[PDB]
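Peer 1: here we go, the starting part of the complex in its complex frame:
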Amino acid sequence: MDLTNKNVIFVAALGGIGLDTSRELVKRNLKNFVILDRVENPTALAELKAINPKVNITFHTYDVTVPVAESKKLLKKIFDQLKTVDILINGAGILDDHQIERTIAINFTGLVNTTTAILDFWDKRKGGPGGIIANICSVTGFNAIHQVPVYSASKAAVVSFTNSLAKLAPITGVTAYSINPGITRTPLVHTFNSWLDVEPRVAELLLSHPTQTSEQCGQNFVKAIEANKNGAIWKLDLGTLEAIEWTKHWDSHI
C-alpha cells in the first residue's frame, strides 16, 4: 500500500502514540489526513501542518463513546467532502482501571461502533468500494497486564474483533489488521490506576523494564500500514515490528 494521495481518517491522532504516528503519515504525501479526536490540540495540529503542507489536514471533534448514528452522521460529512476514504485508523484508548465502564466504552465499544458506522459507506454489499481498517490495540490484548485487567480485557476484545473483521473482508470488502504496541513512553503509561489498587506502583514497575519510544513505535506503525496485510496482528514492541500468529484453540468450521 502506497500512501501517496490517500485519504486517511485517524481517530485519536493527537495522543502520544498517535502524534508520532501522525508525523510519519504526513511525510507520506497523503491527499487528506482527517483527525478525529475528542480534544483539540492546536500545537500538535500546527506542528503536523508544518511537516508537510502538501497534505490537507482536517480536524473534527469526535468522541468514540457517541452512538453509531452520530458516527454515521460525522462520517457522511467526511465522505461527502473527500468522496473516498482509503484508510480508517481507530486509535482511541484510555488506561485507567478505576474507570471500568469508560475503559470498555472507549477501548472496545467505541472501536466497534466507528467500524460499524464506516461499513455503511464501505460495504461492497451496498455497492461501497471496501476499505482498510487499522485498529490500535495493545500487546495487553494478547497477554494482560493483570494489574490493569479491564484495560487488557478491552484490548483483548479489539484484537479478537479485528481478527474477525479481516475474516469478513470477502463479504464486506473491508480489510483489517491490528497494531499492538508494547510499552511505549507516552503519558498514558506515565502514571495510571490499577484495578482495585492491587498495584499502585504499576506505572513505575512497567517503566523498570525495556520500553520503546513513541517515535520508534510511530515509524513501525506506518510500516505496518504500508504492508497492508489483511488479518495481520502487528506487534510493535521494543522498537521492532512483527506479525504474531494467533493460536487456533477452536474452530467454528464456518
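Peer 2: Perfect, thanks for sending it. Numbers count the residues shown, from 1 in each chain, chains lettered A, B, ... in the order given.

Peer 1: buried ones in the longest helix belonging to chain A?
Peer 2: In chain A, taking DSSP state H as the definition, the longest helix is helix A:149-172. Of all the residues in helix A:149-172, those buried under the rule 16 or more other C-beta atoms under 10 Å are A:149-159, A:161-163, A:165-166, A:169, A:172. C-beta coordinates here come from the backbone N, C-alpha and C atoms, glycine included.

Peer 1: for that helix, packing partners?
Peer 2: If you count contacts as 3 or more C-beta pairs under 8 Å, 6 or more residues apart in numbering; DSSP states H and E, helix A:149-172 packs onto helix A:100-104, helix A:111-122, strand A:131-136, strand A:174-181, strand A:233-237.

Peer 1: now the second one against strand A:174-181, angle please.
Peer 2: In terms of direction (axes from the mean of the first three to the mean of the last three C-alpha atoms, to 10 degrees), helix A:111-122 departs from strand A:174-181 by 150 degrees.

Peer 1: contacts made by helix A:111-122 with the rest, please.
Peer 2: Contacting residues not belonging to helix A:111-122 are listed as A:9, A:11, A:64, A:66-68, A:71-72, A:75-76, A:79, A:85, A:88, A:90, A:92, A:126, A:128-131, A:133, A:135, A:158, A:161, A:165, A:172-174, A:176 [C-beta atoms under 8 Å, 6 or more residues apart in numbering].

Peer 1: try 7 Å this time
Peer 2: The contact list for helix A:111-122 (C-beta atoms under 7 Å, 6 or more residues apart in numbering) reads A:11, A:64, A:68, A:71-72, A:75, A:79, A:88, A:90, A:128-131, A:133, A:135, A:158, A:161, A:165, A:172-174.

Peer 1: show me what counts as buried in that helix.
Peer 2: If you call a residue buried by 16+ other C-beta under 10 Å, then helix A:111-122 has these buried ones: A:111, A:112, A:113, A:114, A:115, A:117, A:118, A:119, A:121, A:122.

Peer 1: show me how far it is from its chain's centre.
Peer 2: 13 Å (C-alpha atoms, centre = their mean, to the nearest Å).

Peer 1: please slot chain B in as well:
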Amino acid sequence: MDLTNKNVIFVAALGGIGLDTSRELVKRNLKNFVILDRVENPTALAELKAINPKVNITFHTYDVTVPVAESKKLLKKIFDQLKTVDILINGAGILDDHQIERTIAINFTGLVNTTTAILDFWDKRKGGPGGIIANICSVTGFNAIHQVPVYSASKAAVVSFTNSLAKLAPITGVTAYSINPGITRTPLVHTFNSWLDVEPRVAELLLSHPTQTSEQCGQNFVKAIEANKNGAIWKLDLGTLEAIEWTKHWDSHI
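Peer 2: Adding chain B to what we have so far:
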C-alpha cells in the same frame, strides 16, 4: 474442592447451560445455592428444588448491567444472610450481534462489575476470606465465530479478564478460572443475528457441525468447579473437559 455445604452464587443459573449446570450442582449437597438471574423461571426453580431438597435454593432478581453499587447492595444482603460465600459463578450471556452495546455490557462489563462488587467482601486486603470465581466465557473467546465478532470479542475480553484475576489471587485471595463451552444445543444458538447480517444462516451452519448437549456441558462444568484450578482455562467442547494453555505472546515482566 468438595461442594458439600458450600455456599454458591450462580449468576444466570436458569438459562440453557446454566440450568443443566445447576441440576448437577444441586446434586452436590450445597448448603446454599443462590440464583441471580434477570428473569424468574418458576418451572426451573421448582425442578431444582425437587432434585435435592436438602439444598437451600434462593432466587434474587439480578440484571448484570446495573452499576457496581447496585451489585454491592445485593451482595451485601446475600453475604449478610449466608455470612460466607464460597463460589461465585458468572454465567450471564447474550448472543445477538445486532445488539452491540448490550452484548458488551452483559458479556463483558457485567461480568467485570459483579466481580468488582464481590471483591469488597472477599478481598483479603480488607480482611475478607478470599473466594473462588467461575466465569462462563466461550470458545469464541479463544477463536472467534467471526460472523458474530462482537459476541466473540466480548468473550475474548472475559477470558483475558479471568486470566488476570487468577494472577491477582496472591493479592486478593480470590482465585478464578473460566469455563468455555463449545457449541452446545441451547436456545441461545438455536437462531441468532450475525453482525451486519454478514451471515443470516450462522445458526444453521453452526449446528451442521458436531455439537454437545447442555447436559454433557453441565456435567463437565461441575467437574471443572470441583477441580478448582486457579487460572484454569476450561474448554468444554464436544462432551469433553480440558484445560487449554494460553500462548505467551508478550510478558509485562511484573
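
Peer 1: what do you get for what packs on helix A:149-172 once chain B is counted?
Peer 2: helix A:100-104, helix A:111-122, strand A:131-136, strand A:174-181, helix B:149-172 (3 or more C-beta pairs under 7 Å, 6 or more residues apart in numbering or on different chains; DSSP states H and E).

Peer 1: extract the CA atoms of it and return them as CSV.
Peer 2: Extracted in CSV, the C-alpha atoms of helix A:149-172 (Å, rounded to 0.1, in the frame of the first residue of the first chain):
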residue,chain,number,x,y,z
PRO,A,149,-7.2,-6.4,33.9
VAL,A,150,-10.0,-4.3,32.5
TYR,A,151,-7.8,-2.3,30.2
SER,A,152,-6.2,-5.6,29.0
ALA,A,153,-9.5,-7.3,28.6
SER,A,154,-10.8,-4.4,26.5
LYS,A,155,-7.7,-4.7,24.2
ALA,A,156,-8.2,-8.5,24.0
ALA,A,157,-11.7,-7.7,22.8
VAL,A,158,-10.4,-5.4,20.0
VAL,A,159,-7.7,-7.9,18.9
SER,A,160,-10.5,-10.5,18.5
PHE,A,161,-12.8,-8.1,16.8
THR,A,162,-10.1,-7.0,14.4
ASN,A,163,-9.3,-10.7,13.5
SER,A,164,-13.0,-11.2,12.8
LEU,A,165,-13.2,-8.1,10.5
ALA,A,166,-10.3,-9.4,8.5
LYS,A,167,-12.1,-12.8,8.0
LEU,A,168,-15.2,-10.8,6.9
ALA,A,169,-13.3,-9.0,4.1
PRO,A,170,-14.6,-11.2,1.3
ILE,A,171,-18.1,-10.3,2.3
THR,A,172,-17.7,-6.6,3.2
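
Peer 1: distance between it and the chain's centre?
Peer 2: Relative to the centre of its chain, helix A:149-172 is centred 12 Å away, using C-alpha atoms, centre = their mean.

Peer 1: so that helix versus strand A:233-237, what angle?
Peer 2: Using the same axes, to 10 degrees, helix A:149-172 lies at 140 degrees relative to strand A:233-237.

Peer 1: helix A:149-172 versus strand A:131-136: what angle between them?
Peer 2: Note on geometry: by the same axes, to 10 degrees, helix A:149-172 and strand A:131-136 are set 170 degrees apart in direction.

Peer 1: which one of the helices and strands packed on helix A:149-172 lies closest to residue B:220?
Peer 2: helix B:149-172 (17.2 Å; C-beta to C-beta).
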